[PDB]
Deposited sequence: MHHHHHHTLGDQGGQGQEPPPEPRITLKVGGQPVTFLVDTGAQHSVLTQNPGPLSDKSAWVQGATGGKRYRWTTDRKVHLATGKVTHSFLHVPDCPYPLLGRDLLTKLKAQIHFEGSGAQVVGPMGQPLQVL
């Protein structure tokens, strides 16, 4: 379960972005193909004892979290990186979801492998 995910309007991710429910709370992520691992920036719930080097310093992985998508749920663990401006959905989750990112001129859409809305 996550704690407070509020205050994102102070540093909103740019598009492509997607809001998902993670551990019971809505989180708006930048969908970031440049990130190997997905990241929560605040109140991430309990942390495992495992950590990763982020190039740079070391941060802990969360335990498994439920990730609510428009039409299904997945389990995923995130790095807790407070020194990041916003939550990132990185390649680990993109590959797991077989997500597609579509650019439009007017911004970007993030959909599932069948074009389904992912965003809650």
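Deposited-sequence ranges lacking C-alpha coordinates, in sequence order: Unmodelled stretches, in sequence order: 1-7, 63-66, 132.
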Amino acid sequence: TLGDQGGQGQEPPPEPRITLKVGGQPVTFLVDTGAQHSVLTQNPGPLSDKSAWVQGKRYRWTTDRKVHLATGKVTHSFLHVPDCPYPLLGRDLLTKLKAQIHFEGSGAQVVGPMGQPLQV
From here on, numbers count along this sequence of modelled residues.
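Residue stretch of maximal mean CA temperature factor, 108-116 vs 15-23: Between 15-23 and 108-116, it is 108-116 that shows the higher mean C-alpha B-factor.
Stretch exceeding the other in mean C-alpha B-factor - 49-57, 30-38: According to the PDB entry, the answer is 49-57.
Selection by C-alpha B-factor (highest) of 88, 93, 79, 69: Highest C-alpha B-factor among the listed residues goes to 69.
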